[PDB]
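Take a look at the structure below.
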Amino acid sequence: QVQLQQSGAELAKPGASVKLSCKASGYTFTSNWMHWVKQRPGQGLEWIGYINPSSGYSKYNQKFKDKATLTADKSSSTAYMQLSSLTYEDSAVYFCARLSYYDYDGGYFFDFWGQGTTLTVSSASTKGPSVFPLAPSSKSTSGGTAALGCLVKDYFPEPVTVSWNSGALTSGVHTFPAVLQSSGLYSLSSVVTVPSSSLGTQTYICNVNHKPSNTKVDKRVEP
Amino acid sequence: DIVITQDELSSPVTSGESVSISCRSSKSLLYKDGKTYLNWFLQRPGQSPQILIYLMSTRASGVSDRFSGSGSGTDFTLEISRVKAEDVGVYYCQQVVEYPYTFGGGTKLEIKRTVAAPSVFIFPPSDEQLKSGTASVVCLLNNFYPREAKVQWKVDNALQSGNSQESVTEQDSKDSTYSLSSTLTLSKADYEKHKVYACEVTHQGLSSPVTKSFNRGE
Ligand SMILES: C=CC[N+]1([C@H]2C[C@H]3[C@@H]4CC[C@H]5C[C@H](O)[C@@H](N6CCOCC6)C[C@]5(C)[C@H]4CC[C@]3(C)[C@H]2OC(C)=O)CCCC1
């Protein structure tokens, strides 16, 4: 399986630096140039640059030539992007993407992407979430199905991730967009619908990650 | 640098209808070899962009034959012949004829479907949360269309104002519905002074407002 896997979300202070990683597996890392892309809401996508991992040479968008520094470690099949002298304008999702070329038609494009890394630049301190059960009950049944979930409250910065039963449960899952509370902290719920029949014999656990605070929790959700 | 421009929105489309998304460049993307260095990507909600078309009109690996591309040196079109649920997301054009590579601002595609009422579910606060002095009451509207909905909270039949927040999912890629959470936040003190907690939802798929409620401690 060709895939790119990126480092988890980070908080950094104004003026500091961060170094983001992109591990390549399932192919010879040195064979494909690795590109990086920035994404912010209503700012589309911006191309940052690429590195040739075989040679170590990198090429930049002029706009990022003073911001980004690309490196590659051949032994660990990992590409890195350092972002220097951070500002609020650097808060974004950053992707790595591999370039492929097809000699038969001259076509080249980004064929595989990392899942992205969220970076928030802020002076405020991190805060990990409090995770509460949204318990299934008669007030959450319909037919022979029941809704249950987890409330992920009071964290900073974004994002959290939520899986169910370590990723075994995906159908019916709705993880909502976070909302900013008046407190300056974020909150979100993740919900799933399951067979009401299953509530007695099937365990449901939400697996909550808050990479910017380096915290994780599992919360068992009982009827 | 080349500036790539797209429209922000595409007029929503019903499953089976055709749709057309445009993109334009400030410079020609036609190179001397006769090829035009324009790519199309689809970014589905929460995911990375995925290649659809390269060289302006070649479909990439595993891309449905419902997608096709055309254009001049500077004006381009992505054509979806018979739109489907899974097409929902943001479409981006990208020029790669020169560095720096540049992208359009993206075009969101929403699909239209039949009116569908929300399933409404309500969740009292956890004993664990209460111990720490706050109560969060959650009302869930699952799988409805269209997105417009009103959720009012009533505590002991008093309408609440200014103490709830809502959040809505992007359009589901299988059934083209939305889901929505409404969270009412109270102090432990205020929560424990009242009995009846109700979530009242108005929606076009509902003849009249549905109310889901519980009594504290039941
Ligand atoms: C301006 C002239 C340049 N043009 C093309 C031409 C493109 C090159 C064609 C030959 C390829 C061989 C190599 O094996 C490829 N692999 C290296 C390892 O990683 C996976 C890919 C990349 C390769 C070098 C291409 C990189 C992108 C090149 C420079 C393109 O230029 C840009 C700006 O992208 C643009 C229009 C057509 C000609």
Side-chain angles (χ1 to χ4, degrees), chain A residues 27-28 30-39 44-65 68 70 72 79 95-113, chain B residues 1-7 20-43 48-81 90-107:
Chain A
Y27 72 101
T28 302
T30 52
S31 293
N32 298 253
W33 295 358
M34 188 68 77
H35 289 243
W36 297 82
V37 173
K38 184 185 175 171
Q39 183 166 40
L45 294 173
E46 301 181 278
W47 180 77
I48 296 168
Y50 76 84
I51 186 163
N52 178 353
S54 185
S55 72
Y57 288 81
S58 55
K59 171 79 176 185
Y60 300 78
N61 187 336
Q62 190 164 333
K63 173 175 191 177
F64 291 99
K65 74 189 185 188
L70 302 182
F95 296 99
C96 59
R98 190 182 81 146
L99 182 69
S100 277
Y101 173 79
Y102 294 160
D103 61 358
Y104 37 94
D105 67 12
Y108 54 89
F109 50 89
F110 303 162
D111 54 358
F112 289 90
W113 297 68
Chain B
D1 305 357
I2 306 181
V3 179
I4 306 297
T5 306
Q6 299 172 237
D7 298 292
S20 163
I21 298 165
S22 285
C23 155
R24 104 86 49 190
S25 49
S26 71
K27 263 80 162 205
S28 181
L29 306 181
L30 174 56
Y31 196 69
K32 72 179 185 182
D33 61 4
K35 295 162 192 298
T36 309
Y37 287 90
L38 184 288
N39 300 329
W40 285 97
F41 299 83
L42 163 65
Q43 184 172 38
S48 309
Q50 178 65 24
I51 189 66
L52 293 179
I53 299 288
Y54 65 100
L55 292 172
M56 191 184 72
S57 51
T58 302
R59 291 189 301 265
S61 177
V63 174
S64 157
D65 63 38
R66 304 179 290 101
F67 294 88
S68 64
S70 57
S72 78
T74 62
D75 278 78
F76 318 93
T77 296
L78 180 68
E79 275 281 356
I80 319 173
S81 66
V90 182
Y91 291 84
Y92 292 98
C93 59
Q94 178 199 36
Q95 72 78 22
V96 296
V97 80
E98 62 169 45
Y99 304 117
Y101 296 166
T102 46
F103 297 80
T107 305

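Side-chain atoms are counted along with the backbone in the values below, which use heavy atoms only and exclude waters and symmetry mates. Quick note on labels: first sequence line is chain A, next is B, and so on, each numbered from 1.
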Exactly one candidate in B:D75, B:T77, B:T5 meets side chain to side chain donor-acceptor pair (under 3.5 Å) with B:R24; the answer is B:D75
Does a side-chain heavy-atom distance below 4.5 Å link B:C23 with B:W40? yes
Show the nearest heavy-atom pair for residues A:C96 and A:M34, with the distance to one decimal. CB-SD, 4.1 Å
In this structure, CZ of A:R98 is separated from NE2 of A:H35 (nearest 0.5 Å) by 11.5 Å
Would a distance-only check, ignoring hydrogens and angles, find a side-chain to backbone donor-acceptor pair under 3.5 Å from B:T36 to B:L38? no
Ion pair B:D65/B:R59, N-O distance below 4.0 Å: no
Indicate yes or no: at least one non-hydrogen side-chain atom of A:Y50 is less than 4.5 angstrom from one of A:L99. no
Between B:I2 and B:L29, is there a side-chain heavy-atom distance shorter than 4.5 Å? yes
Minimum heavy-atom separation for A:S100 to A:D111, with atom names? OG-OD2, 2.6 Å
Test side chain to side chain donor-acceptor pair (under 3.5 Å) applied to B:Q95 and B:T102, step by step: CA-CA 6 Å; B:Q95 72 78 22; B:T102 46; 3.2 Å; yes
In this structure, are over 12 heavy atoms from other groups packed under 6.0 Å from A:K59 atom NZ? no
Given 3.5 Å as the limit, does a donor-acceptor pair link the side chain of B:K35 with the main chain of A:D105, or not? yes
Between OH on residue B:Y91 and CG on residue B:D7, distance to nearest 0.5 Å: 15.5 Å
B:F41 vs A:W113 side-chain heavy atoms within contact, under 4.5 Å: yes
Heavy-atom nearest pair, B:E79 first then B:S20, reads OE2-CB, 3.6 Å
If you take all heavy atoms of B:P49 and A:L45, which pair is closest and at what distance? CG-CD1, 4.2 Å
Report yes if some heavy atom in the side chain of B:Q94 is under 4.5 Å from a heavy atom in the side chain of B:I4; otherwise report no. no
Please indicate whether A:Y102 has more than 12 foreign heavy atoms, meaning atoms of other residues, nucleotides or ligands, lying under 6.0 Å from its OH. yes
What distance do B:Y54 atom OH and A:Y101 atom OH have between them, rounded to the nearest 0.5 Å? 11.0 Å
Would you find a donor on one side and an acceptor on the other, under 3.5 Å apart, between the side chain of A:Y108 and the backbone of B:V96? yes
Evaluate the side-chain proximity of B:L55 to B:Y37: yes if any heavy-atom separation is below 4.5 Å, no if none is. yes
Straight-line distance of B:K27 NZ to B:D1 CG, nearest 0.5 Å: 7.5 Å
Return the CG to CG distance between A:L70 and A:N52, rounded to the nearest 0.5 Å. 11.5 Å
Report yes if the side chains of B:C93 and B:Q6 come closer than 4.5 Å at any heavy-atom pair, otherwise no. yes
What is the minimum heavy-atom distance between A:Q39 and B:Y92, and which atoms define it? NE2-OH, 3.1 Å
Could you measure the distance from the CD1 atom of B:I53 to the OG1 atom of B:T58? Nearest 0.5 Å is fine. 7.5 Å
Whether A:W47 and B:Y101 hold their rings parallel, tilted or perpendicular, with breakpoints at 30° and 60°: tilted
Heavy-atom pair of closest approach, residues B:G69 and B:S57: O-CB, 3.0 Å
Whether B:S72 side chain and B:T74 backbone form a donor-acceptor pair below 3.5 Å: yes
